[PDB]
Structure formats: structure tokens, C-alpha cells
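Colleague: Pasting in a structure now, in C-alpha cells, and then I'll have a few things to ask.
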2 protein chains.
Amino acid sequence: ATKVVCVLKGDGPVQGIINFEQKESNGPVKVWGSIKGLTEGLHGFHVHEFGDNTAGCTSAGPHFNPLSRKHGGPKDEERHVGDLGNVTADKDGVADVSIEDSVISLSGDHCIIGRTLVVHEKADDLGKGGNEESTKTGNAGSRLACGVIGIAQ
Amino acid sequence: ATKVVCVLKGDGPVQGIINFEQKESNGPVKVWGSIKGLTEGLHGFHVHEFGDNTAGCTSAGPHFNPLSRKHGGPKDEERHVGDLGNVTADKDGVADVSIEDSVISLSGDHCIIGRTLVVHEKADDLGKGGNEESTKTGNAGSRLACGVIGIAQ
Ligand SMILES: *[Se]c1ccccc1C(=O)NCc1cccc(OC)c1
Ligand SMILES: COc1cccc(CNC(=O)c2ccccc2[SeH])c1
Ligand SMILES: [Cl-]
Ligand SMILES: [Cl-]
Ligand SMILES: [Zn+2]
Ligand SMILES: [Zn+2]
Ligand SMILES: [Zn+2]
């Protein structure tokens with residue numbers, strides 16, 4: 001019933017299109033699309049709090065964390081709402097994204113509309129990095145590309 | 001009390017930053033910012049229905065029109081929610097935007113978060129152009145720049 005979309009762009013050559021679809025306000029969100037221009041391997045994938053691209057991806061602020069929790073992976077009870085883990089780029093630098101998430105929403109509350117989706121330089125350690133930053137950002141490094149999450153037809 | 005922001009970009013020289021602020025949920029929205037790279041004179045200024053920039057500004061669809069009205073100017077009863085009239089560029093190609101609007105909102109069914117803000121090639125005739133297109137688009141021509149309307153800090 002609800003469909004939202006995000007175009008990922010940045011200061012480098014990373015670009016992507018990410019779709020989100022939610023059948024019921026109570027339901028899981030299906031996340032699918034493609035990102036290119038990435039280094040092979042894991043890249044942290046998160047919804048950040050602000051849909052503000054004024055100065056590029058830095059203006060999006062921290063991970064979306066309406067419930068004041070620590071950073072984790074998407075399968076964890078202890079996570080930020082915005083914690084979608086990692087996408088994986090192949091040797092051609094392409095990530096084919098296919099995620100199902102029960103914590104993000106497109107309606108009701110915990111809504112990601114108007115926020116920023118960010119793909120990161122490094123792997124998200126999912127809060128298992130063994131340092132203080134692990135349970136805040138997952139040590140995923142800089143913001144390679146981002147976009148504001150908008151309502152689709 | 002609620003703040004939202006939009007970065008306008010397109011295929012050519014037009015770029016801008018637009019801020020929106022609403023003190024009360026029932027209250028007027030203040031709209032301010034600047035756009036550059038424009039031809040001198042009036043440029044139609046609209047919130048479009050989809051926050052979909054996947055194929056540039058064309059994917060944003062028609063004017064945001066949750067109340068199924070005809071096109072008009074911001075100071076008309078008969079208007080789309082997204083009808084913000086025109087911004088005015090000077091001989092340097094700069095529009096300094098300063099609008100207060102009582103119809104758009106930053107909450108509820110009039111909310112513009114997750115929609116697209118578009119600045120157009122031509123003047124919006126505010127539905128007074130007398131042709132059929134006047135009461136749909138205002139004859140404002142192509143989409144020079146746009147962005148998804150996001151939540152700000
Ligand atoms: Se408004 C609107 C329109 C479309 C989708 C979501 C929303 C919305 O109300 N989102 C929640 C929210 C939470 C914090 C701040 C905010 O605006 C600044 C909106
Ligand atoms: C379609 O008509 C609407 C009716 C009420 C609210 C809205 C916009 N606000 C929301 O949808 C919203 C509000 C609070 C938390 C999360 C979300 Se997603 C639209
Ligand atoms: Cl971060
Ligand atoms: Cl149009
Ligand atoms: Zn997090
Ligand atoms: Zn328009
Ligand atoms: Zn209109």
C-alpha cells in the first residue's frame with residue numbers, strides 16, 4: 001500500500017536507487033534496488049535522522065534513533081530504527097539490495113519518510129567492533145552517497 | 001517548532017536551498033531561502049506529489065493535490081496544496097524566497113514532507129491564463145531544479 005524511494009548520490013562516483021514498499025502499516029518493509037561504484041565487500045547501510053542535504057551527506061546527522069537505543073544490526077532487539085546493516089558490492093562494484101525489515105516503517109510511527117538513506121565507506125560492525133564507536137556508528141566510516149527518502153506513486 | 005529543508009538541483013545551472021518552518025501545528029509555514037541560475041522574472045514554485053527523483057524532476061508527478069482542487073495561486077481558495085505561486089529572479093539570476101503560506105503544513109494530510117519542491121522554467125499564471133492547462137499546471141513549463149522535502153534539525 002505505501003511505496004517510497006531514494007536516489008543515492010554524493011561527492012564521489014557512487015550512485016543508487018532504493019525502493020521501499022510496505023503492504024500494511026503494521027507490516028514489514030521490503031527494500032530493494034541497486035547501488036554501483038562501490039568497492040567490493042560490505043558497506044554500512046543506514047537511515048540517518050535528518051533529510052537535510054544542505055552541505056552534502058554530513059548534514060543528515062546521526063543514525064535515526066527515535067527510541068534512544070544503541071547501535072546494532074537489523075536482526076538485533078538492541079538497534080537504532082535506522083540500522084539496516086550492510087549491503088554487499090560484487091567485484092564489479094554493484095550491490096543488488098534485497099532487505100526485509102520489521103523495525104523501519106513507511107506509516108504510523110518510526111517513519112523513515114523525509115529522512116536520509118546513507119551508504120557508507122566501510123563495513124558496519126553491527127555493534128561488535130570492540131570499541132566505544134561500535135555501539136554508536138558501527139565504525140562504517142564516511143558517507144559515500146545519500147538521498148532523502150520520498151513518497152512514490 | 002518544526003523545520004524542514006529542500007536542496008534544489010537539476011540538469012542545468014539552477015540550484016537553491018529552501019527552508020520551511022512552522023511554529024504551531026495549525027499555523028502558517030514560513031518559506032525562505034535562495035535560488036540562483038534563473039532567467040530574470042517569475043518562476044513557478046510548486047510542491048509536486050511524489051518525492052521520486054529517480055529520473056530527475058519528471059518523476060515527481062503533478063502538483064500535490066490531496067484535496068482534489070484545480071490549480072491556482074497561493075492566495076486563492078481554489079488551489080492545490082502545493083501551489084506556492086512564483087519566485088522572482090533578479091537580473092543576476094537570483095531569487096530571494098520569502099513566503100508565508102497557510103495551506104501547506106509540516107504535519108497531517110497537508111504535510112509536504114517527502115514530496116518534491118520544483119522551480120519551473122516559466123511564470124505560473126496562477127490559473128488565470130484562461131486555457132485548459134492554466135487550471136492544472138499554470139503553464140509554468142519545464143522543471144529546472146527540484147529536491148525532496150526533508151526533516152531538518
Ligand atoms: Se508530516 C509527514 C509527512 C509524510 C510522512 C511523514 C510525516 C511525519 O509527520 N513524519 C514524522 C516527523 C517526526 C519528526 C519531525 C517531523 O517533522 C520535522 C516529522
Ligand atoms: C496521508 O494523510 C496523512 C494523515 C496524517 C499524517 C500524515 C503525515 N504524517 C505521517 O504519516 C506520520 C506521522 C507521524 C509519524 C509517522 C508518519 Se509516517 C499524512
Ligand atoms: Cl555515521
Ligand atoms: Cl508541472
Ligand atoms: Zn545505528
Ligand atoms: Zn510544477
Ligand atoms: Zn497547482
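All residue names refer to the C-alpha cells as shown: chains lettered A, B, ... in order, residues numbered from 1 in each chain, ligands numbered from 1 in order.
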Please, which residues in chain A fall within 9 Å of chain B when counting only C-alpha atoms, and what is the closest atom pair and distance in Å to one decimal for each, ordered by chain then residue number, as JSON lines?

Modeller:
{"residue": "A:4", "atom": "CA", "partner": "B:52", "partner_atom": "CA", "distance": 7.8}
{"residue": "A:5", "atom": "CA", "partner": "B:52", "partner_atom": "CA", "distance": 6.1}
{"residue": "A:6", "atom": "CA", "partner": "B:52", "partner_atom": "CA", "distance": 7.2}
{"residue": "A:7", "atom": "CA", "partner": "B:54", "partner_atom": "CA", "distance": 5.8}
{"residue": "A:17", "atom": "CA", "partner": "B:54", "partner_atom": "CA", "distance": 6.8}
{"residue": "A:49", "atom": "CA", "partner": "B:151", "partner_atom": "CA", "distance": 7.9}
{"residue": "A:50", "atom": "CA", "partner": "B:151", "partner_atom": "CA", "distance": 5.3}
{"residue": "A:51", "atom": "CA", "partner": "B:150", "partner_atom": "CA", "distance": 4.0}
{"residue": "A:52", "atom": "CA", "partner": "B:152", "partner_atom": "CA", "distance": 5.7}
{"residue": "A:53", "atom": "CA", "partner": "B:7", "partner_atom": "CA", "distance": 6.5}
{"residue": "A:54", "atom": "CA", "partner": "B:7", "partner_atom": "CA", "distance": 6.2}
{"residue": "A:59", "atom": "CA", "partner": "B:152", "partner_atom": "CA", "distance": 9.0}
{"residue": "A:60", "atom": "CA", "partner": "B:152", "partner_atom": "CA", "distance": 8.3}
{"residue": "A:61", "atom": "CA", "partner": "B:153", "partner_atom": "CA", "distance": 8.5}
{"residue": "A:113", "atom": "CA", "partner": "B:114", "partner_atom": "CA", "distance": 5.6}
{"residue": "A:114", "atom": "CA", "partner": "B:150", "partner_atom": "CA", "distance": 4.2}
{"residue": "A:115", "atom": "CA", "partner": "B:150", "partner_atom": "CA", "distance": 6.0}
{"residue": "A:116", "atom": "CA", "partner": "B:150", "partner_atom": "CA", "distance": 8.0}
{"residue": "A:147", "atom": "CA", "partner": "B:148", "partner_atom": "CA", "distance": 8.5}
{"residue": "A:148", "atom": "CA", "partner": "B:148", "partner_atom": "CA", "distance": 6.0}
{"residue": "A:149", "atom": "CA", "partner": "B:114", "partner_atom": "CA", "distance": 6.5}
{"residue": "A:150", "atom": "CA", "partner": "B:51", "partner_atom": "CA", "distance": 3.9}
{"residue": "A:151", "atom": "CA", "partner": "B:51", "partner_atom": "CA", "distance": 4.8}
{"residue": "A:152", "atom": "CA", "partner": "B:50", "partner_atom": "CA", "distance": 5.1}
{"residue": "A:153", "atom": "CA", "partner": "B:50", "partner_atom": "CA", "distance": 6.5}

Colleague: For residue 89 in chain B, find every residue with an atom within 9 Å (counting only C-alpha atoms), except residues of its own chain fewer than 2 positions away, and show them as a ChimeraX atom specification.

Modeller: /B:35-43,87,91-96

Colleague: Taking N, CA and C atoms for each residue, export the selection above as a PDB file, in the first residue's frame.

Modeller:
ATOM      1  N   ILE B  35      17.604  30.870  -4.588  1.00  0.00           N
ATOM      2  CA  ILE B  35      17.789  30.049  -5.814  1.00  0.00           C
ATOM      3  C   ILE B  35      18.617  30.897  -6.774  1.00  0.00           C
ATOM      4  N   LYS B  36      19.569  30.292  -7.458  1.00  0.00           N
ATOM      5  CA  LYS B  36      20.404  31.025  -8.433  1.00  0.00           C
ATOM      6  C   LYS B  36      20.415  30.293  -9.763  1.00  0.00           C
ATOM      7  N   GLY B  37      20.895  30.961 -10.804  1.00  0.00           N
ATOM      8  CA  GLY B  37      20.981  30.364 -12.144  1.00  0.00           C
ATOM      9  C   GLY B  37      19.713  30.538 -12.946  1.00  0.00           C
ATOM     10  N   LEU B  38      18.807  31.440 -12.534  1.00  0.00           N
ATOM     11  CA  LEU B  38      17.481  31.590 -13.184  1.00  0.00           C
ATOM     12  C   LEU B  38      17.519  32.741 -14.186  1.00  0.00           C
ATOM     13  N   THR B  39      16.646  32.708 -15.161  1.00  0.00           N
ATOM     14  CA  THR B  39      16.371  33.860 -16.018  1.00  0.00           C
ATOM     15  C   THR B  39      15.594  34.880 -15.192  1.00  0.00           C
ATOM     16  N   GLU B  40      15.835  36.146 -15.467  1.00  0.00           N
ATOM     17  CA  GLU B  40      15.177  37.215 -14.689  1.00  0.00           C
ATOM     18  C   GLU B  40      13.654  37.117 -14.882  1.00  0.00           C
ATOM     19  N   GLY B  41      12.888  37.299 -13.796  1.00  0.00           N
ATOM     20  CA  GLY B  41      11.427  37.275 -13.835  1.00  0.00           C
ATOM     21  C   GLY B  41      10.808  36.153 -13.010  1.00  0.00           C
ATOM     22  N   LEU B  42       9.575  35.804 -13.329  1.00  0.00           N
ATOM     23  CA  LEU B  42       8.804  34.881 -12.448  1.00  0.00           C
ATOM     24  C   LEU B  42       9.068  33.409 -12.819  1.00  0.00           C
ATOM     25  N   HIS B  43       9.141  32.559 -11.791  1.00  0.00           N
ATOM     26  CA  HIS B  43       9.325  31.110 -11.990  1.00  0.00           C
ATOM     27  C   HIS B  43       8.358  30.369 -11.087  1.00  0.00           C
ATOM     28  N   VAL B  87       8.397  32.421  -7.646  1.00  0.00           N
ATOM     29  CA  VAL B  87       9.528  33.151  -7.052  1.00  0.00           C
ATOM     30  C   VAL B  87      10.047  34.084  -8.152  1.00  0.00           C
ATOM     31  N   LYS B  91      18.108  40.445 -12.110  1.00  0.00           N
ATOM     32  CA  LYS B  91      18.999  40.427 -13.283  1.00  0.00           C
ATOM     33  C   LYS B  91      20.268  39.639 -13.015  1.00  0.00           C
ATOM     34  N   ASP B  92      20.573  39.274 -11.781  1.00  0.00           N
ATOM     35  CA  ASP B  92      21.759  38.416 -11.534  1.00  0.00           C
ATOM     36  C   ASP B  92      21.329  36.941 -11.626  1.00  0.00           C
ATOM     37  N   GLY B  93      20.041  36.697 -11.794  1.00  0.00           N
ATOM     38  CA  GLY B  93      19.507  35.331 -11.837  1.00  0.00           C
ATOM     39  C   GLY B  93      19.276  34.779 -10.458  1.00  0.00           C
ATOM     40  N   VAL B  94      19.159  35.632  -9.455  1.00  0.00           N
ATOM     41  CA  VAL B  94      18.982  35.193  -8.050  1.00  0.00           C
ATOM     42  C   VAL B  94      17.564  35.493  -7.584  1.00  0.00           C
ATOM     43  N   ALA B  95      16.893  34.458  -7.061  1.00  0.00           N
ATOM     44  CA  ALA B  95      15.615  34.630  -6.364  1.00  0.00           C
ATOM     45  C   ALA B  95      15.851  34.508  -4.865  1.00  0.00           C
ATOM     46  N   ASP B  96      15.471  35.533  -4.128  1.00  0.00           N
ATOM     47  CA  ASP B  96      15.473  35.505  -2.657  1.00  0.00           C
ATOM     48  C   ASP B  96      14.039  35.187  -2.240  1.00  0.00           C
TER      49      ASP B  96
END

Colleague: Please, which residues have at least one atom within 9 Å of an atom of ligand 4, using only C-alpha atoms and all ligand atoms, listed as a list in words?

Modeller: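 Using only C-alpha atoms and all ligand atoms, I find these residues within 9 Å of ligand 4: residues 44, 46, 48, 58, 61, 62, 63, 118, 120, 136, 137, 138, 139, 140, 141, 142 and 143 of chain B.
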
Colleague: Got time to write the residues from that selection, C-alpha atoms, as a PDB file, in the first residue's frame?

Modeller:
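The resulting file, selection_8.pdb, is shown below:
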ATOM      1  CA  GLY B  44       6.552  28.780 -10.907  1.00  0.00           C
ATOM      2  CA  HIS B  46       5.353  24.130  -6.520  1.00  0.00           C
ATOM      3  CA  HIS B  48       4.698  18.105  -6.518  1.00  0.00           C
ATOM      4  CA  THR B  58       9.876  14.481 -14.124  1.00  0.00           C
ATOM      5  CA  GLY B  61       4.434  13.769 -10.918  1.00  0.00           C
ATOM      6  CA  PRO B  62       1.747  16.515 -10.835  1.00  0.00           C
ATOM      7  CA  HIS B  63       1.127  19.210  -8.204  1.00  0.00           C
ATOM      8  CA  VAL B 118      10.116  22.212  -8.058  1.00  0.00           C
ATOM      9  CA  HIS B 120       9.910  25.968 -13.109  1.00  0.00           C
ATOM     10  CA  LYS B 136      -3.769  22.203 -13.974  1.00  0.00           C
ATOM     11  CA  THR B 137      -0.142  23.376 -14.183  1.00  0.00           C
ATOM     12  CA  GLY B 138      -0.410  27.183 -14.551  1.00  0.00           C
ATOM     13  CA  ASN B 139       1.632  26.912 -17.809  1.00  0.00           C
ATOM     14  CA  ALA B 140       4.917  27.113 -15.808  1.00  0.00           C
ATOM     15  CA  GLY B 141       6.851  24.959 -18.312  1.00  0.00           C
ATOM     16  CA  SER B 142       9.732  22.609 -17.610  1.00  0.00           C
ATOM     17  CA  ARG B 143      11.246  21.636 -14.258  1.00  0.00           C
TER      18      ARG B 143
END

Colleague: Please identify every polymer residue within 10 Å of ligand 2, using only C-alpha atoms and all ligand atoms, and present the set as a list in words.

Modeller: residues 2, 25, 105, 106, 107, 108, 109, 110, 111, 112, 113 and 114 of chain A; 66, 105, 106, 107, 108, 109, 110, 111, 112, 113 and 114 of chain B

Colleague: With distances taken over only C-alpha atoms and all ligand atoms, which residue among A:65, A:98, A:34, A:15 lies nearest ligand 1?

Modeller: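 Nearest to ligand 1: A:65.
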
Colleague: Name the residues of chain A that fall into strand (DSSP E or B) according to DSSP on the backbone, using the chain letters and numbers of this document, as JSON, numbers by chain.

Modeller: {"A": [2, 3, 4, 5, 6, 7, 8, 9, 15, 16, 17, 18, 19, 20, 21, 22, 29, 30, 31, 32, 33, 34, 35, 36, 41, 42, 43, 44, 45, 46, 47, 48, 54, 56, 63, 83, 84, 85, 86, 87, 88, 89, 95, 96, 97, 98, 99, 100, 101, 105, 111, 116, 117, 118, 119, 120, 143, 144, 145, 146, 147, 148, 150, 151]}

Colleague: Which neighbours of residue 144 in chain B fall inside 7 Å, counting only C-alpha atoms, when residues of the same chain fewer than 4 positions from it are skipped, and could you give them as a PyMOL selection string?

Modeller: chain B and resi 10+14+119-121

Colleague: Separation of CA of residue 1 in chain A and CA of residue 23 in chain A, in Å?

Modeller: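 Interatomic distance, CA of residue 1 in chain A to CA of residue 23 in chain A: 4.7 Å.
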
Colleague: If we count only C-alpha atoms and set the cut-off at 9 Å, which residues sit around residue 28 in chain B, ignoring sequence neighbours fewer than 2 positions away in its own chain? Please answer as a PyMOL selection string.

Modeller: chain B and resi 21-26+30+100-105

Colleague: Would you mind exporting the chosen residues as a PDB file, in the first residue's frame, restricted to N, CA and C atoms?

Modeller:
ATOM      1  N   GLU B  21       9.542  26.530   8.034  1.00  0.00           N
ATOM      2  CA  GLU B  21       9.386  26.427   9.497  1.00  0.00           C
ATOM      3  C   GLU B  21       7.930  26.687   9.878  1.00  0.00           C
ATOM      4  N   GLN B  22       7.403  25.888  10.801  1.00  0.00           N
ATOM      5  CA  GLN B  22       6.036  26.016  11.313  1.00  0.00           C
ATOM      6  C   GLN B  22       6.086  26.011  12.841  1.00  0.00           C
ATOM      7  N   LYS B  23       5.630  27.104  13.450  1.00  0.00           N
ATOM      8  CA  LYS B  23       5.670  27.256  14.925  1.00  0.00           C
ATOM      9  C   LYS B  23       4.566  26.418  15.561  1.00  0.00           C
ATOM     10  N   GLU B  24       3.372  26.369  14.977  1.00  0.00           N
ATOM     11  CA  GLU B  24       2.212  25.651  15.564  1.00  0.00           C
ATOM     12  C   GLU B  24       1.653  24.672  14.550  1.00  0.00           C
ATOM     13  N   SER B  25       1.067  23.569  14.996  1.00  0.00           N
ATOM     14  CA  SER B  25       0.599  22.534  14.052  1.00  0.00           C
ATOM     15  C   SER B  25      -0.494  23.145  13.170  1.00  0.00           C
ATOM     16  N   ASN B  26      -1.214  24.140  13.673  1.00  0.00           N
ATOM     17  CA  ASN B  26      -2.327  24.726  12.890  1.00  0.00           C
ATOM     18  C   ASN B  26      -1.836  25.984  12.169  1.00  0.00           C
ATOM     19  N   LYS B  30       6.454  29.403   7.267  1.00  0.00           N
ATOM     20  CA  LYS B  30       7.396  30.376   6.676  1.00  0.00           C
ATOM     21  C   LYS B  30       8.355  29.607   5.757  1.00  0.00           C
ATOM     22  N   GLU B 100       5.014  33.212   3.161  1.00  0.00           N
ATOM     23  CA  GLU B 100       4.299  32.657   4.318  1.00  0.00           C
ATOM     24  C   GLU B 100       3.033  32.044   3.755  1.00  0.00           C
ATOM     25  N   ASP B 101       2.782  30.793   4.073  1.00  0.00           N
ATOM     26  CA  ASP B 101       1.602  30.108   3.495  1.00  0.00           C
ATOM     27  C   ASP B 101       0.822  29.408   4.588  1.00  0.00           C
ATOM     28  N   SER B 102      -0.502  29.478   4.494  1.00  0.00           N
ATOM     29  CA  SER B 102      -1.451  28.927   5.493  1.00  0.00           C
ATOM     30  C   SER B 102      -2.032  27.595   5.077  1.00  0.00           C
ATOM     31  N   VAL B 103      -1.723  27.121   3.883  1.00  0.00           N
ATOM     32  CA  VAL B 103      -2.354  25.900   3.329  1.00  0.00           C
ATOM     33  C   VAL B 103      -1.403  24.716   3.460  1.00  0.00           C
ATOM     34  N   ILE B 104      -0.183  24.870   3.008  1.00  0.00           N
ATOM     35  CA  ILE B 104       0.800  23.783   3.270  1.00  0.00           C
ATOM     36  C   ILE B 104       0.977  23.675   4.786  1.00  0.00           C
ATOM     37  N   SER B 105       1.409  22.492   5.217  1.00  0.00           N
ATOM     38  CA  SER B 105       1.721  22.197   6.608  1.00  0.00           C
ATOM     39  C   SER B 105       2.963  21.317   6.696  1.00  0.00           C
TER      40      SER B 105
END

Colleague: As a list in words, please: the residues near residue 134 in chain B (cut-off 10 Å, only C-alpha atoms, same-chain neighbours under 3 positions excluded).

Modeller: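 So the residues in contact are residues 70, 71, 72, 124, 125, 126, 127, 128, 129, 130, 131, 137, 138, 139 and 140 of chain B.
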
Colleague: Mind writing the picked residues with N, CA, C and O atoms as a short mmCIF file (atom, residue, chain, number, x, y, z; two decimals), in the first residue's frame?

Modeller:
data_model
loop_
_atom_site.label_atom_id
_atom_site.label_comp_id
_atom_site.auth_asym_id
_atom_site.auth_seq_id
_atom_site.Cartn_x
_atom_site.Cartn_y
_atom_site.Cartn_z
N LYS B 70 -8.66 22.37 -8.32
CA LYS B 70 -7.98 22.92 -9.51
C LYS B 70 -6.78 23.78 -9.09
O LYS B 70 -6.70 24.21 -7.91
N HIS B 71 -5.91 24.04 -10.05
CA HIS B 71 -4.72 24.88 -9.86
C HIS B 71 -5.11 26.34 -9.61
O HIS B 71 -6.01 26.85 -10.28
N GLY B 72 -4.38 26.99 -8.72
CA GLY B 72 -4.49 28.43 -8.52
C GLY B 72 -3.27 29.02 -7.91
O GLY B 72 -2.22 28.36 -7.92
N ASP B 124 4.18 30.81 -13.47
CA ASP B 124 2.86 30.26 -13.14
C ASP B 124 1.82 31.36 -13.32
O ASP B 124 1.94 32.42 -12.69
N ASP B 125 0.83 31.10 -14.15
CA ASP B 125 -0.22 32.13 -14.43
C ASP B 125 -1.31 32.06 -13.36
O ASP B 125 -2.34 32.79 -13.47
N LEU B 126 -1.12 31.24 -12.33
CA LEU B 126 -1.99 31.17 -11.13
C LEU B 126 -3.42 30.81 -11.52
O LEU B 126 -4.32 31.16 -10.72
N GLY B 127 -3.57 30.07 -12.60
CA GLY B 127 -4.87 29.54 -13.05
C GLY B 127 -5.70 30.62 -13.72
O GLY B 127 -6.92 30.41 -13.88
N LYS B 128 -5.08 31.74 -14.13
CA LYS B 128 -5.85 32.88 -14.70
C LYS B 128 -5.50 33.02 -16.18
O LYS B 128 -5.86 34.02 -16.78
N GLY B 129 -4.82 32.02 -16.73
CA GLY B 129 -4.30 32.09 -18.10
C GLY B 129 -5.41 31.84 -19.11
O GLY B 129 -5.18 32.12 -20.29
N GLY B 130 -6.54 31.29 -18.65
CA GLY B 130 -7.75 31.15 -19.47
C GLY B 130 -7.72 29.94 -20.38
O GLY B 130 -8.78 29.67 -20.98
N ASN B 131 -6.61 29.20 -20.49
CA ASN B 131 -6.58 27.96 -21.30
C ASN B 131 -6.78 26.78 -20.36
O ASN B 131 -6.83 26.95 -19.13
N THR B 137 -1.58 23.17 -14.40
CA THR B 137 -0.14 23.38 -14.18
C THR B 137 0.17 24.86 -14.07
O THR B 137 1.29 25.17 -13.67
N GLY B 138 -0.74 25.75 -14.49
CA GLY B 138 -0.41 27.18 -14.55
C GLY B 138 0.53 27.55 -15.69
O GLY B 138 1.09 28.67 -15.67
N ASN B 139 0.78 26.64 -16.62
CA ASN B 139 1.63 26.91 -17.81
C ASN B 139 3.04 27.31 -17.37
O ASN B 139 3.65 28.18 -18.01
N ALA B 140 3.60 26.69 -16.32
CA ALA B 140 4.92 27.11 -15.81
C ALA B 140 6.08 26.40 -16.54
O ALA B 140 7.25 26.70 -16.24
#

Colleague: One number please: CA of residue 20 in chain B to CA of residue 122 in chain B, in Å, one decimal.

Modeller: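 Between these atoms lies a distance of 23.2 Å.
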
Colleague: Using only C-alpha atoms, which of A:47, A:57, A:117, A:31 sits nearest residue 11 in chain A?

Modeller: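 Going through A:47, A:57, A:117, A:31 one by one, the smallest distance to residue 11 in chain A is for A:57.
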
Colleague: Do you have the CA of residue 81 in chain A-CA of residue 69 in chain A distance handy?

Modeller: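 Distance between the two atoms: 8.6 Å.
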